[PDB]
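*Asks:* Here it is: the structure, laid out below.
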Amino acid sequence: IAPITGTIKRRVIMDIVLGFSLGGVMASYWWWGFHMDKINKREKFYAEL
Amino acid sequence: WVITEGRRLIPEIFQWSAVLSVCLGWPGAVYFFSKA
Amino acid sequence: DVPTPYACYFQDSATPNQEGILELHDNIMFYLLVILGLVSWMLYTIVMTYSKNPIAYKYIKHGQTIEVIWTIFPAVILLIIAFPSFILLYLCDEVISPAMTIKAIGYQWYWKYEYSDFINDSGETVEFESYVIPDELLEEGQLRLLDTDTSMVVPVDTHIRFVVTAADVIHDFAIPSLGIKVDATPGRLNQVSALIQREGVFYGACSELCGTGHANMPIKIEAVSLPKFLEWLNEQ
Amino acid sequence: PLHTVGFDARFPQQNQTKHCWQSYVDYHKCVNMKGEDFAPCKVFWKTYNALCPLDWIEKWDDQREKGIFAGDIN
Amino acid sequence: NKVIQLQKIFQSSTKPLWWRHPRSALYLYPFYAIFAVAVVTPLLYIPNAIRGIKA
Amino acid sequence: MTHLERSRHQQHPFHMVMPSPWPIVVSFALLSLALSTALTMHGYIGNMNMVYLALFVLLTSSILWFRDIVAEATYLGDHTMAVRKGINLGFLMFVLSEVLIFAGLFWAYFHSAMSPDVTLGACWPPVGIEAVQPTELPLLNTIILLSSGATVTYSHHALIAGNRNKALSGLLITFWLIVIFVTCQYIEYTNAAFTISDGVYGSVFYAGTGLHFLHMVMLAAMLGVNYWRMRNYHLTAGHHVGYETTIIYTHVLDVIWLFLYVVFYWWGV
Amino acid sequence: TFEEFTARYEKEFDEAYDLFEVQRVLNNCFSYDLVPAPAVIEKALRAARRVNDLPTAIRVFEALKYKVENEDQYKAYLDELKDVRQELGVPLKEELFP
Amino acid sequence: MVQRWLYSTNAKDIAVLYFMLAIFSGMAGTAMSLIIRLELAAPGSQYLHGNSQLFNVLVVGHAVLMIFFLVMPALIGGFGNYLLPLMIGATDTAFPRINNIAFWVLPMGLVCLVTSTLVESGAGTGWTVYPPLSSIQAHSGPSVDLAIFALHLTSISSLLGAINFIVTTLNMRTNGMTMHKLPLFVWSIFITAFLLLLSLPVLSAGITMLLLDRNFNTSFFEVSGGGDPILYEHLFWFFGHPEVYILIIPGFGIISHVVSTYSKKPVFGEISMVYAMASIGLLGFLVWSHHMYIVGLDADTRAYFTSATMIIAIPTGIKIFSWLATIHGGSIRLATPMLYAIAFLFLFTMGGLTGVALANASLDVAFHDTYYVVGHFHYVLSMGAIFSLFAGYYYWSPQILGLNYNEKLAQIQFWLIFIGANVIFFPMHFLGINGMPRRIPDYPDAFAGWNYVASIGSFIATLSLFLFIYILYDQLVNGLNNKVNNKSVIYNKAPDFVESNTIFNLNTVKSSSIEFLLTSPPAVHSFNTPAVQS
Amino acid sequence: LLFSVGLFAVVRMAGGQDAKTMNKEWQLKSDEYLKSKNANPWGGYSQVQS
Ligand code: HEA
Ligand code: HEA
Ligand code: CUA
Ligand SMILES: [Ca+2]
Ligand SMILES: [Cu+2]
Ligand SMILES: [Mg+2]
């Protein structure tokens with residue numbers, strides 16, 4: 001009989017790990033999807049200047 | 001543990017992305033439907 | 001510049017300090033979303049998983065190792081977020097070498113701008129008041145509650161210094177695109193220094209509550225090239 | 001051809017009420033008290049004509065005349 | 001002094017505490033007369049102030 | 001003690017007070033004072049006869065509140081040991097709030113003193129104000145107040161010791177030595193060169209000492225009701241809470257005066 | 001430790017003098033993070049027979065089915081406990097169809 | 001009878017009076033918000049003809065009625081007076097006679113406020129009554145004088161109430177209740193009372209300075225005379241920032257108690273919870289001038305106030321995580337109080353992130369005196385303190401009154417207020433980032449977009465309030481029939497997995513406080529023989 | 001939600017007239033002023049919401 005233990009422990013770990021990973025994409029899409037797009041269109045008008 | 005957790009975890013991330021997109025993305029509906 | 005209908009972001013920058021304001025907000029917002037993504041995810045999972053959980057593990061209270069981490073977990077993100085904040089704060093007060101100073105004194109319900117510099121051949125200060133345009137005389141094509149009859153002109157590529165005060169009550173000089181905001185107390189003279197880098201018109205408003213004419217106090221400002229500023233100040 | 005008052009030690013901060021006031025006091029003590037030279041007194045004169053609201057000058061001009069000026073010009 | 005004979009009176013009185021002492025009638029009756037004038041007179045000037053007439 | 005007898009008494013040491021009309025009578029007296037004062041400031045009445053009436057009713061109602069407290073502590077005897085600790089603790093929390101009111105007045109003094117305003121002179125005190133001289137007359141008040149703390153101390157211990165001629169004499173000197181402070185302070189106010197209307201300097205000066213002055217008049221009244229209660233055999237040798245809170249009040253009010261003597265008198269000239 | 005855990009609830013169940021205590025101990029045994037060993041469950045079944053409560057014996061496997069977290073480990077507990085369960089007479093929920 | 005309500009000494013009757021005054025002022029103050037939204041629905045003066053006055057006056061009345069007459073008497077005077085003696089185990093408060101004057105001076109303030117509004121001038125100065133605008137030259141009537149007198153009455157009520165709670169907690173506990181072993185709500189009330197005691201006198205000093213300057217000619221803040229209108233800002237906000245914590249700390253105890261009853265597992269790390277609760281109160285006294293960033297302070301003090309205000313997030317975050325750790329393992333019961341608590345956990349964290357975004361002095365030059373700040377503090381006030389007030393009512397009312405409230409009709413109210421308030425207060429952050437200022441009655445046309453959406457959402461919340469009033473009526477009338485039929489839920493804790501239905505009916509309440517063991521409604525004399533603990 | 005939106009429109013009828021600047025020809029004319037001054041290089045200055 002396998003001593004099933006710590007089901008909560010790793011379930012806790014994955015929950016916290018996913019939260020940072022899912023929050024990682026949310027944070028990363030803001031920086032490199034939206035915010036980085038804003039900088040490039042900003043620089044183009046200044047580049048023509 | 002990979003077999004058991006897969007049946008429950010991965011579907012929820014898809015449901016997760018839906019509700020949070022509703023609470024935060026609702027004003028996008030008003031602007032598109034008729035910014036007019 | 002002007003606000004836009006159904007707009008959700010900063011007005012287009014025109015000063016290096018507004019870019020830092022824009023840049024700092026995103027770096028903090030880069031980290032606000034991880035915490036927002038963490039608390040909200042744990043909220044959805046716990047609600048869905050353990051609402052359907054009959055048995056409750058009623059002996060989990062101490063958590064020695066976890067408590068140490070999320071006690072110090074915020075303490076580090078506070079450290080990273082606090083570096084660009086401090087450099088921005090201490091480079092906004094660079095008044096080492098400006099080129100021309102403008103005073104902005106507001107009488108209750110309006111503004112009076114006077115240029116204390118004596119570059120003009122008159123040798124006298126140029127002062128003029130700026131009233132809102134009433135709805136009765138709102139000429140066909142003008143902006144409501146935003147356009148005045150007399151404006152203020154500032155050259156481009158110039159280090160300008162602003163000194164503001166008040167006469168009757170507190171009223172604050174404010175132009176969102178440029179990132180300047182000073183209280184303008186009736187007895188003090190607070191100062192800022194901003195550099196503008198592209199021609200255009202910026203509109204701002206009066207922020208501090210000052211009576212019944214609070215809404216009728218716009219601050220129209222536009223930037224012209226260095227020559228055209230000179231053929232404007234002489235004629236005024 | 002643009003220039004203005006430079007950064008000043010002792011007055012390095014946003015609040016500038018004293019910087020205006022001292023130039024007015026310094027200017028009158030530059031002239032009435034040992035005004036042997038015209039040129040150095042103009043440094044203050046271009047410094048309070050700048051950075052200072054106009055109506056403060058007329059208020060201080062009446063208070064000086066009447067003898068109720070808080071500053072000690074002499 | 002009189003505390004012992006005042007203790008026996010305040011206890012076993014079956015009356016409100018401000019009415020137990022035999023000398024209490026001298027303070028209470030003149031008080032309610034002045035009190036009424038104090039909390040009713042300012043209320044008469046309220047409508048006069050709303051209209052703006054200054055006396 | 002029989003089980004039947006013990007059930008004919010309270011099972012807890014806390015005091016249950018009967019319903020009383022004074023909490024609301026004082027509440028109505030505070031509205032009349034608030035509503036009459038707001039009118040006489042701008043007219044609408046004509047003379048200041050209603051303000052005096054409101055103050056009289058406010059004071060008289062407060063006297064009848066204190067009149068009930070002494071009755072339930074001396075004749076009904078509802079102040080057990082536990083109740084006496086709460087009253088002392090409540091007064092200690094009340095004097096801390098009183099101190100912090102003064103702390104807001106020292107902050108107002110240091111704001112205009114450390115960096116004097118430009119509409120004033122470049123100095124402090126402002127130009128043309130003859131400030132009170134710390135050595136001639138206020139120094140008499142300083143010695144008087146210190147001696148008050150020395151004569152109320154042995155009046156307190158003589159009451160504990162058991163002799164009433166020294167206890168009664170200590171308060172009598174204490175009362176008259178506080179009245180001398182009030183009359184001497186009255187003399188200086190009517191002989192000062194500057195008024196409350198003399199710019200910012202008069203405002204902070206007369207708000208710190210004036211608030212203390214109004215507190216000294218309330219100290220003499222508190223000392224006066226302890227002389228009536230001691231002479232008529234109210235205060236006992238081991239139970240006097242109305243007197244302990246008076247000794248703390250006069251000792252705390254001497255420290256506040258010493259602080260007002262260093263910054264408003266010495267450091268401000 | 002797990003062995004200390006098993007040997008101390010093996011003693012708790014042997015001392016349960018009423019139907020309130022049996023339902024109190026089993027709510028403590030299944031409240032821990034670890035799934036109990038099959039030796040623990042056997043003693044719990046004996047306790048229910050001692051206080052004469054059929055429905056709590058049925059809920060033992062119902063508690064285990066949600067607790068064991070594995071479809072084969074429930075069968076693993078099932079096989080070793082066949083003899084004691086059949087001897088006692090406890091029916092499973094699925095077999096009972098209530 | 002007159003004696004029972006006019007001569008009250010019982011603390012529970014005073015709590016009921018506090019509650020009753022709170023709802024009337026709550027309805028009065030939430031109609032001014034309706035008129036404000038109707039005036040801001042579209043550009044141009046639509047309903048109020050052109051009067052810029054009677055707009056600022058309405059805003060002042062709304063703010064004062066919502067803060068000083070709804071939250072203060074309900075959380076502190078309503079719940080604190082009724083529940084602190086019962087959970088501690090005291091029969092009543094230490095000073096039962098000043099507890100009545102702590103209440104009866106509140107209706108006088110309402111009279112002073114209404115008669116201030118009815119005088120021809122009015123008080124259009126904001127809830128922060130700044131000296132130069134509210135001086136005698138700009139506000140020349142007796143209006144702001146009467147407004148100031150109301151603040152004194154509220155301050156004296158709060159001070160006398162605060163002194164009562166400190167002495168009551170310190171030496172009126174039962175035979176086993178050591179100061180170390182307290183319910184968390186009592187801890188919140190204790191810390192709140194200590195903040196009030198140290199913060200109120202400075203407000204009183206500043207307000208009386210303003211009064212004397214208007215009528216007694218003292219150059220306290222008059223520019224002509226050497227006065228400084230910025231000293232008033234220091235004096236007021238020294239009571240101001242600590243204040244935003246008197247209105248949320250008792251809101252923390254309610255959430256702490258709610259989430260550990262419908263989730264059947266005790267709170268994760270209680271001693272750290274009380275440490276963090278005390279640290280927020282202690283350290284909030286060191287951050288008051290972040291409300292004064294653009295007033296012209298020194299560069300180095302701005303750095304100090306920026307660094308000290310971010311430390312607030314360290315204990316606060318600890319409370320957010322420890323709330324998410326006590327619900328991880330337990331069994332969750334989704335009732336109305338639990339739905340309010342879960343909504344609070346999300347909305348208050350959304351408000352706090354914007355708050356930490358506002359805490360940087362270099363960024364606040366773009367977000368100050370805009371609708372950004374309004375959207376911020378409407379999350380922690382209208383969604384952080386109001387929600388815990390609704391959760392507390394739905395949590396304790398059947399125990400206090402003895403009348404149930406038709407669950408399914410209350411969850412509708414919850415959803416309506418949720419999706420109504422989110423509509424009002426989420427678009428504000430969009431209006432603030434474009435530079436829309438505060439305290440204006442009419443705005444440039446380009447701002448007409450989100451304002452219409454926010455105005456539509458106010459009607460939803462008003463309808464939810466009307467439904468709540470109907471719920472109150474249906475609770476007081478035929479509320480005894482609600483627990484006979486199947487309209488409401490009777491037990492707040494379902495039986496455990498291996499707990500039979502006939503054993504749950506001998507131990508019905510497994511609670512960690514004396515509140516739920518008392519009869520419904522509790523007796524007038526609750527504790528004859530003292531209760532024993534541990 | 002239906003009753004709130006329906007009651008919102010009814011009370012809107014008992015209100016004042018709109019501003020004279022919401023004609024969609026005023027808003028079209030507002031753009032020529034902005035476009036000549038180069039109001040927004042990144043982003044727009046449309047000013048049209050009719
Ligand atoms: C209940 C009311 C309440 C509460 C609780 C708060 C809480 C906070 N507030 Fe404030 N505030 C107000 C009510 C409140 N506030 C009001 C009414 C005003 C305007 C008054 C006026 O001007 O009229 C105001 C204005 C105000 C200002 C001035 C803005 C201005 O005028 O320009 C600032 C400045 O920093 C501020 C900051 C904060 C911070 C940092 C917190 C912190 O306590 C928040 C901390 C929260 C979090 C940190 C999120 C939760 C924690 C986590 C999710 C853990 C993870 C966190 C990290 C990793 C950081 N708010
Ligand atoms: C507790 C404080 C509180 C509450 C509840 C509210 C509730 C609301 N407020 Fe706000 N508001 C302030 C405090 C509050 N407010 C303050 C301090 C200011 C600053 C004023 C100034 O600038 O001087 C302000 C300013 C303010 C403005 C900006 C005004 C300006 O700057 O010019 C607006 C704009 O729409 C607004 C609208 C609303 C609306 C629509 C609601 C509500 O419709 C939102 C939904 C909430 C409810 C409907 C209340 C429900 C609860 C009850 C009625 C109590 C009964 C319930 C129980 C007992 C459980 N109020
Ligand atoms: Cu001027 Cu506001
Ligand atoms: Ca309108
Ligand atoms: Cu604050
Ligand atoms: Mg401001």
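By order in the structure tokens, chains are A, B, ...; within a chain, residues start at 1; ligands start at 1, following the order shown.
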Show me which bits of chain I are within 9 Å of chain H, counting only C-alpha atoms, as number ranges by chain.
*Replies:* I: 1, 3-5, 7-8, 12, 14-19, 21-22, 47-49
*Asks:* Kindly export the residues of the current selection with N, CA, C and O atoms, as an mmCIF file, in the first residue's frame.
*Replies:*
```cif
data_model
loop_
_atom_site.group_PDB
_atom_site.id
_atom_site.type_symbol
_atom_site.label_atom_id
_atom_site.label_comp_id
_atom_site.auth_asym_id
_atom_site.auth_seq_id
_atom_site.Cartn_x
_atom_site.Cartn_y
_atom_site.Cartn_z
ATOM 1 N N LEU I 1 -32.215 44.765 -14.191
ATOM 2 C CA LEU I 1 -31.496 45.550 -15.190
ATOM 3 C C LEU I 1 -32.456 46.176 -16.196
ATOM 4 O O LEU I 1 -32.244 47.311 -16.639
ATOM 5 N N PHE I 3 -35.669 47.038 -15.610
ATOM 6 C CA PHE I 3 -36.404 48.112 -14.952
ATOM 7 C C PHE I 3 -35.520 49.333 -14.726
ATOM 8 O O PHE I 3 -35.977 50.471 -14.878
ATOM 9 N N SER I 4 -34.256 49.116 -14.356
ATOM 10 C CA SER I 4 -33.347 50.236 -14.132
ATOM 11 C C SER I 4 -33.084 51.010 -15.418
ATOM 12 O O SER I 4 -33.101 52.245 -15.420
ATOM 13 N N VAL I 5 -32.831 50.302 -16.519
ATOM 14 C CA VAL I 5 -32.572 50.975 -17.788
ATOM 15 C C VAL I 5 -33.841 51.638 -18.311
ATOM 16 O O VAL I 5 -33.804 52.758 -18.833
ATOM 17 N N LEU I 7 -36.390 52.764 -16.492
ATOM 18 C CA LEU I 7 -36.662 53.934 -15.667
ATOM 19 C C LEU I 7 -35.620 55.025 -15.879
ATOM 20 O O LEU I 7 -35.897 56.202 -15.628
ATOM 21 N N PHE I 8 -34.422 54.655 -16.335
ATOM 22 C CA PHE I 8 -33.407 55.657 -16.647
ATOM 23 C C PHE I 8 -33.840 56.537 -17.814
ATOM 24 O O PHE I 8 -33.627 57.754 -17.795
ATOM 25 N N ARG I 12 -34.886 60.714 -18.058
ATOM 26 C CA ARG I 12 -34.103 61.513 -18.994
ATOM 27 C C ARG I 12 -34.982 62.386 -19.881
ATOM 28 O O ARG I 12 -34.504 63.399 -20.403
ATOM 29 N N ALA I 14 -37.553 64.115 -18.797
ATOM 30 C CA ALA I 14 -37.817 65.311 -17.998
ATOM 31 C C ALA I 14 -36.494 65.989 -17.640
ATOM 32 O O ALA I 14 -36.128 66.160 -16.477
ATOM 33 N N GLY I 15 -35.773 66.387 -18.689
ATOM 34 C CA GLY I 15 -34.505 67.067 -18.525
ATOM 35 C C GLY I 15 -34.369 68.179 -19.542
ATOM 36 O O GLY I 15 -35.218 68.360 -20.417
ATOM 37 N N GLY I 16 -33.279 68.929 -19.413
ATOM 38 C CA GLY I 16 -33.032 70.037 -20.307
ATOM 39 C C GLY I 16 -32.539 69.596 -21.671
ATOM 40 O O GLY I 16 -32.232 68.430 -21.914
ATOM 41 N N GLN I 17 -32.467 70.565 -22.579
ATOM 42 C CA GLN I 17 -32.013 70.292 -23.932
ATOM 43 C C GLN I 17 -30.505 70.059 -23.957
ATOM 44 O O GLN I 17 -29.771 70.437 -23.041
ATOM 45 N N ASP I 18 -30.049 69.421 -25.031
ATOM 46 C CA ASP I 18 -28.636 69.124 -25.186
ATOM 47 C C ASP I 18 -27.852 70.392 -25.505
ATOM 48 O O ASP I 18 -28.405 71.411 -25.928
ATOM 49 N N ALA I 19 -26.543 70.320 -25.286
ATOM 50 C CA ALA I 19 -25.664 71.416 -25.665
ATOM 51 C C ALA I 19 -25.641 71.572 -27.180
ATOM 52 O O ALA I 19 -25.798 70.607 -27.930
ATOM 53 N N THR I 21 -23.252 72.040 -29.063
ATOM 54 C CA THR I 21 -22.005 71.574 -29.656
ATOM 55 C C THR I 21 -22.008 70.085 -29.981
ATOM 56 O O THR I 21 -20.977 69.560 -30.413
ATOM 57 N N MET I 22 -23.133 69.391 -29.790
ATOM 58 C CA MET I 22 -23.235 67.956 -30.034
ATOM 59 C C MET I 22 -23.927 67.637 -31.359
ATOM 60 O O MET I 22 -24.660 66.646 -31.450
ATOM 61 N N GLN I 47 -12.743 63.269 -31.900
ATOM 62 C CA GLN I 47 -13.727 64.171 -31.293
ATOM 63 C C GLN I 47 -15.144 63.934 -31.815
ATOM 64 O O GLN I 47 -15.983 64.835 -31.771
ATOM 65 N N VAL I 48 -15.437 62.734 -32.308
ATOM 66 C CA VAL I 48 -16.742 62.415 -32.879
ATOM 67 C C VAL I 48 -17.386 61.335 -32.023
ATOM 68 O O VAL I 48 -16.833 60.238 -31.876
ATOM 69 N N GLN I 49 -18.555 61.647 -31.456
ATOM 70 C CA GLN I 49 -19.274 60.696 -30.616
ATOM 71 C C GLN I 49 -20.783 60.751 -30.830
ATOM 72 O O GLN I 49 -21.532 60.201 -30.012
#
```
*Asks:* Which residues sit within 8 Å of ligand 5, counting only C-alpha atoms and all ligand atoms, listed as a PyMOL selection string?
*Replies:* chain H and resi 237+240-244+284+287-291
*Asks:* Put those residues in a file: N, CA, C and O atoms, as a short mmCIF file (atom, residue, chain, number, x, y, z; two decimals), in the first residue's frame.
*Replies:*
```
data_model
loop_
_atom_site.label_atom_id
_atom_site.label_comp_id
_atom_site.auth_asym_id
_atom_site.auth_seq_id
_atom_site.Cartn_x
_atom_site.Cartn_y
_atom_site.Cartn_z
N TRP H 237 -5.02 66.71 8.07
CA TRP H 237 -4.72 65.39 7.54
C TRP H 237 -4.04 64.48 8.56
O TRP H 237 -4.12 63.26 8.41
N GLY H 240 -6.75 63.00 9.18
CA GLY H 240 -7.25 62.50 7.88
C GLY H 240 -6.71 61.16 7.41
O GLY H 240 -7.53 60.28 7.16
N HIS H 241 -5.40 60.99 7.23
CA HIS H 241 -4.93 59.63 6.83
C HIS H 241 -5.20 58.57 7.92
O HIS H 241 -5.61 57.46 7.57
N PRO H 242 -5.01 58.81 9.22
CA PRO H 242 -5.30 57.79 10.20
C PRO H 242 -6.79 57.46 10.09
O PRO H 242 -7.14 56.37 10.41
N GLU H 243 -7.62 58.43 9.71
CA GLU H 243 -9.09 58.24 9.62
C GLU H 243 -9.47 57.16 8.61
O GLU H 243 -10.36 56.36 8.94
N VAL H 244 -8.82 57.11 7.46
CA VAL H 244 -9.14 56.12 6.39
C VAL H 244 -8.87 54.73 6.95
O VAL H 244 -9.13 53.78 6.24
N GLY H 284 0.25 54.08 10.19
CA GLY H 284 -0.55 55.07 9.50
C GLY H 284 -0.42 56.46 10.07
O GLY H 284 -0.82 57.44 9.43
N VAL H 287 2.39 58.41 7.92
CA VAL H 287 2.12 58.76 6.52
C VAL H 287 0.85 59.59 6.46
O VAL H 287 -0.26 59.05 6.39
N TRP H 288 1.00 60.91 6.50
CA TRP H 288 -0.17 61.77 6.33
C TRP H 288 -0.02 62.75 5.18
O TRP H 288 -1.03 63.24 4.68
N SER H 289 1.20 63.05 4.75
CA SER H 289 1.44 64.12 3.80
C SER H 289 1.51 63.63 2.36
O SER H 289 1.79 64.44 1.47
N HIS H 290 1.23 62.35 2.14
CA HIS H 290 1.08 61.87 0.74
C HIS H 290 -0.20 62.52 0.16
O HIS H 290 -0.40 62.46 -1.05
N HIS H 291 -1.03 63.13 1.01
CA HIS H 291 -2.24 63.85 0.54
C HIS H 291 -1.78 65.27 0.21
O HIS H 291 -2.60 66.09 -0.25
#
```
*Asks:* All residues within 7 Å of ligand 2 are required, counting only C-alpha atoms and all ligand atoms; please report them as a VMD selection string.
*Replies:* chain H and resid 22 to 23 26 to 27 30 33 to 34 36 to 37 59 to 60 62 to 63 66 to 67 70 to 71 74 126 to 128 374 378 381 to 382 386 389 to 390 393 421 424 438 to 441 458 461 to 462 465
*Asks:* Around ligand 1, at most 6 Å away and counting only C-alpha atoms and all ligand atoms, which residues are there? Put them as a short mmCIF file (atom, residue, chain, number, x, y, z; two decimals) with N, CA and C atoms, in the first residue's frame, please.
*Replies:*
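Produced file result_6.cif, reproduced below:
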```cif
data_model
loop_
_atom_site.label_atom_id
_atom_site.label_comp_id
_atom_site.auth_asym_id
_atom_site.auth_seq_id
_atom_site.Cartn_x
_atom_site.Cartn_y
_atom_site.Cartn_z
N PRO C 74 6.39 40.16 -0.66
CA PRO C 74 6.15 41.57 -1.03
C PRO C 74 7.37 42.45 -0.82
N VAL H 244 -8.82 57.11 7.46
CA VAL H 244 -9.14 56.12 6.39
C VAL H 244 -8.87 54.73 6.95
N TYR H 245 -8.38 54.62 8.18
CA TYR H 245 -8.09 53.34 8.80
C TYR H 245 -9.01 53.04 9.97
N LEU H 247 -12.14 53.55 9.47
CA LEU H 247 -13.28 53.06 8.71
C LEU H 247 -13.04 51.72 8.04
N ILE H 248 -11.86 51.12 8.19
CA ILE H 248 -11.60 49.84 7.53
C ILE H 248 -11.14 48.78 8.52
N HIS H 290 1.23 62.35 2.14
CA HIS H 290 1.08 61.87 0.74
C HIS H 290 -0.20 62.52 0.16
N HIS H 291 -1.03 63.13 1.01
CA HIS H 291 -2.24 63.85 0.54
C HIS H 291 -1.78 65.27 0.21
N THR H 309 5.00 55.04 3.08
CA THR H 309 3.65 54.64 2.71
C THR H 309 3.61 53.28 2.03
N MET H 310 4.70 52.86 1.38
CA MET H 310 4.71 51.56 0.73
C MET H 310 4.86 50.43 1.73
N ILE H 312 3.09 50.10 4.22
CA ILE H 312 1.71 49.74 4.54
C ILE H 312 1.31 48.44 3.84
N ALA H 313 1.84 48.19 2.65
CA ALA H 313 1.47 47.01 1.89
C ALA H 313 2.01 45.71 2.48
N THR H 316 -0.61 44.68 5.24
CA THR H 316 -1.87 44.56 4.52
C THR H 316 -1.88 43.32 3.64
N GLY H 317 -0.80 43.12 2.87
CA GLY H 317 -0.70 41.92 2.06
C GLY H 317 -0.77 40.66 2.90
N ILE H 320 -4.21 39.81 3.31
CA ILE H 320 -4.84 39.31 2.10
C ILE H 320 -4.51 37.84 1.89
N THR H 349 -8.59 44.31 -2.90
CA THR H 349 -7.24 44.13 -3.50
C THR H 349 -7.13 44.96 -4.78
N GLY H 352 -6.49 48.44 -3.37
CA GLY H 352 -5.16 48.58 -2.79
C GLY H 352 -4.06 48.65 -3.82
N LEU H 353 -4.18 47.94 -4.94
CA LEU H 353 -3.14 48.04 -6.00
C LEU H 353 -3.14 49.45 -6.58
N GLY H 355 -4.05 52.02 -4.94
CA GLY H 355 -3.51 52.83 -3.86
C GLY H 355 -1.99 52.85 -3.86
N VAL H 356 -1.36 51.69 -4.03
CA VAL H 356 0.14 51.62 -4.04
C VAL H 356 0.60 52.31 -5.30
N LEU H 358 -0.73 55.00 -6.39
CA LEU H 358 -0.82 56.41 -6.02
C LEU H 358 0.23 56.83 -5.00
N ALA H 359 0.92 55.88 -4.37
CA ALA H 359 1.78 56.20 -3.24
C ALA H 359 3.10 56.82 -3.66
N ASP H 364 2.32 60.72 -8.66
CA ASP H 364 1.10 61.37 -8.19
C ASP H 364 0.87 62.73 -8.83
N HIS H 368 -3.38 63.19 -9.29
CA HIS H 368 -3.94 63.88 -8.10
C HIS H 368 -5.02 64.88 -8.48
N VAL H 373 -8.39 59.22 -8.40
CA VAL H 373 -8.42 59.08 -6.95
C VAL H 373 -9.83 58.76 -6.47
N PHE H 377 -10.68 55.56 -4.06
CA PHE H 377 -11.25 55.48 -2.72
C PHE H 377 -12.71 55.06 -2.72
N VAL H 380 -12.38 51.09 -1.82
CA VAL H 380 -12.16 50.74 -0.42
C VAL H 380 -13.24 51.27 0.50
N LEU H 381 -14.04 52.24 0.05
CA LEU H 381 -15.15 52.78 0.84
C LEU H 381 -16.49 52.20 0.43
#
```
*Asks:* For a quick test of understanding: name the residues of chain C lying within 12 Å of chain D when counting only C-alpha atoms, and present them as a count of residues only.
*Replies:* 59
*Asks:* Please identify every residue of chain C that has at least one atom no more than 12 Å from any atom of chain A, counting only C-alpha atoms, and report them as a ChimeraX atom specification.
*Replies:* /C:9-10,12-14,19,22-46,49,56-57,60,63,65-66,70,197-199
*Asks:* Any idea what's packed within 9 Å of stretch 80-88 of chain G, counting only C-alpha atoms, ignoring anything in its chain fewer than 4 positions away? Could you give it as a compact mmCIF listing (two decimals) with N, CA, C and O atoms, in the first residue's frame?
*Replies:*
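selection_15.txt, freshly written:
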```txt
# COMPACT_ATOMS: atom_id res chain seq x y z
N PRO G 38 -4.72 1.21 5.46
CA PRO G 38 -5.80 0.21 5.55
C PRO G 38 -5.93 -0.43 6.92
O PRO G 38 -7.01 -0.93 7.25
N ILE G 41 -8.49 1.77 8.88
CA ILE G 41 -9.89 1.65 8.49
C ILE G 41 -10.52 0.41 9.11
O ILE G 41 -11.69 0.42 9.50
N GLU G 42 -9.75 -0.68 9.20
CA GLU G 42 -10.30 -1.92 9.74
C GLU G 42 -10.78 -1.73 11.18
O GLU G 42 -11.84 -2.24 11.56
N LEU G 45 -14.15 0.15 11.28
CA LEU G 45 -15.29 -0.72 11.01
C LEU G 45 -15.71 -1.48 12.26
O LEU G 45 -16.90 -1.66 12.53
N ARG G 46 -14.73 -1.95 13.05
CA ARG G 46 -15.04 -2.68 14.27
C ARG G 46 -15.78 -1.78 15.27
O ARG G 46 -16.65 -2.25 16.01
N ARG G 49 -19.58 -1.48 14.43
CA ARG G 49 -20.26 -2.68 14.91
C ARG G 49 -20.42 -2.67 16.43
O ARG G 49 -21.40 -3.20 16.95
N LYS G 75 -9.57 0.53 -5.24
CA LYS G 75 -9.62 -0.91 -5.43
C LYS G 75 -8.58 -1.61 -4.56
O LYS G 75 -8.81 -2.74 -4.11
N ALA G 76 -7.44 -0.95 -4.32
CA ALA G 76 -6.43 -1.53 -3.43
C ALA G 76 -6.96 -1.65 -2.01
O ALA G 76 -6.80 -2.70 -1.37
```
